[PDB]
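1. Need coordinates for the following:
(2 chains, ligands or ions: 4)
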2 protein chains.
Amino acid sequence: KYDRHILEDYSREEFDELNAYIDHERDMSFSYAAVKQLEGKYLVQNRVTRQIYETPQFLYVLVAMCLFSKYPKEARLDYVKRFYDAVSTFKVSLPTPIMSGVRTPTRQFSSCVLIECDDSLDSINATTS
Amino acid sequence: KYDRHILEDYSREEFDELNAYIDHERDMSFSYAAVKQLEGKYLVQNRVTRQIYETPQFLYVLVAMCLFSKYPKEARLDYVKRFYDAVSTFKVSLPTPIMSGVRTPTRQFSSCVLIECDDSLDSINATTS
Ligand SMILES: Nc1ncnc2c1ncn2[C@H]1C[C@H](O)[C@@H](COP(=O)(O)OP(=O)(O)OP(=O)(O)O)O1
Ligand SMILES: Nc1ncnc2c1ncn2[C@H]1C[C@H](O)[C@@H](COP(=O)(O)OP(=O)(O)OP(=O)(O)O)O1
Ligand SMILES: [Mg+2]
Ligand SMILES: [Mg+2]
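-> Numbering: from 1, shown residues only, chains lettered A, B, ... in the order given. Ligands and ions are numbered 1, 2, ... in the order given. What follows is the structure:
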């Protein structure tokens, strides 16, 4: 379900050090209109079994850790905390294309694309493909 | 309407020699069910103006001359007469793909094609194109 590079991109020692920053007590601040769509389609789960394999608390820190892979190993640990505190306190909002597709093997994160076709059969076949 | 290679593929001298073999007196042997579809869609004509630019007599000799371009210039003149006598006496029949598309710039003469698509998105896009 995840991408096989996160564990190979960080250290086990600092992992537990950063782990003691995400007490799940803040998870009890949602609304029904939130958890509804969340369980519907926002997090990783098999679309045929619906066996959810994640938790709305590890979501934010997981995406914040994955987005900061290629960085110097001197400030990323103290830098991910700011983004986590921003996303957890609902100060910054993120779409489905970025929360429905993060840390996922299929690396696609755009939201809109444009295309125009002129008078040519080959162009029409190409834009159809 | 024609292809700009026939005149560059034969000689003007033998042209008139082969010309005295196609007295149009045999053109008065059709049926209404023939000329109907012929004027409908069998010979070269603009599909928006319907200004016909051919004649059902020059059709056979034109296609027989065009089909015999790449040949030694020693027997083609005496060889095209056999095919013309075959097609004019209705002994051999020819489809629209070969009579609707001969001596035409768009050189396409097949009649059927096959294609199969397996389980792949790229394959589907390719076969659609
Ligand atoms: N088989 C067809 N017959 C008539 N029009 C077609 C056909 N296929 C596609 N078209 C439409 C869409 C094409 O953009 C347009 C023809 O342009 P094109 O694809 O460049 O072929 P073409 O060069 O033979 O015609 P044109 O000279 O008008 O551009 O007409
Ligand atoms: N976006 C899609 N989601 C689900 N199925 C799709 C999708 N697009 C096409 N399909 C259908 C047609 C494809 O042949 C088939 C998936 O096979 P494929 O094109 O090879 O992609 P894939 O490798 O990611 O899936 P699979 O491993 O099952 O082959 O499912
Ligand atoms: Mg064109
Ligand atoms: Mg596949």
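2. So for chain A, which residue is the most central one in space?
-> Per CA atoms, centre = their mean, the C-alpha nearest to the average position across chain A is that of residue A:102, at 3.3 Å.
3. In chain A, where's the longest helix?
-> helix A:76-88 (DSSP state H).
4. Please enumerate the helices of chain A.
-> According to DSSP H, the helices that chain A contains are A:12-19, A:32-41, A:58-66, A:76-88, A:96-99, A:121-128.
5. Could you list the buried residues of the second one?
-> Meaning helix A:32-41. Within helix A:32-41, the residues that qualify as buried by neighbour count (16 or more other CB atoms under 10 Å in any protein chain shown) are residue A:38. (C-beta placed from N, C-alpha, C; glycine too.)
6. Export that helix to CSV, keeping only CA atoms.
-> Extracted in CSV, the C-alpha atoms of helix A:32-41 (Å, rounded to 0.1, in the frame of the first residue of the first chain):
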residue,chain,number,x,y,z
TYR,A,32,-19.2,13.5,11.4
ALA,A,33,-19.1,15.3,8.1
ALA,A,34,-15.3,14.8,8.2
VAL,A,35,-15.0,11.2,9.2
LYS,A,36,-17.8,10.2,6.8
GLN,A,37,-15.9,11.3,3.7
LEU,A,38,-12.6,10.2,5.2
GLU,A,39,-13.9,6.6,5.6
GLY,A,40,-15.5,7.0,2.2
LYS,A,41,-12.5,7.9,0.0
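7. And for that helix, what's in contact with it?
-> If you take CB atoms under 8 Å, 6 or more residues apart in numbering or on different chains as the criterion, helix A:32-41 is touched by A:30, A:52, A:56, A:96, A:100.
8. any idea which of the residues you listed has the most stuff around it?
-> Neighbour counts for the contacts of helix A:32-41, by other CB atoms under 10 Å in any protein chain shown, peak at residue A:56, which reaches 16 neighbours.
9. Would you check that residue A:52 makes contact with residue A:43?
-> Yes: using CB atoms under 8 Å, residue A:52 is in contact with residue A:43, at 6.9 Å.
10. Pick out the residue of chain A closest to ligand 2.
-> Closest to ligand 2 within chain A is residue A:106: 7.8 Å, counting by CB to the nearest ligand atom.
11. State the distance from that residue to residue B:111.
-> Distance of residue A:106 to residue B:111, given as CB to CB, to the nearest Å: 43 Å.
12. Next: residue A:41.
-> Going from residue A:41 to residue B:111 by CB to CB gives 50 Å.
13. now swap in residue A:103 and tell me
-> 54 Å.
14. Comparing the two, which residue is more hemmed in?
-> residue A:103 (18 against 8).
15. got the phi/psi numbers for the more buried one?
-> For residue A:103, the backbone dihedrals are phi 40, psi 30 (criterion: degrees, to the nearest 10).
16. So which bits of chain A are right by chain B?
-> A:125-126, A:128-129 (CB under 8 Å from any CB of the partner chain).
17. Just send the residues you listed back as CSV, with distance to ligand 1 and neighbour count too.
-> Formatted as CSV, the residues of chain A next to chain B follow (distance: CB to the nearest ligand atom, whole Å; neighbours: other CB atoms under 10 Å in any protein chain shown):
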residue, distance to ligand 1, neighbour count
A:125, 10, 14
A:126, 12, 13
A:128, 13, 10
A:129, 16, 13
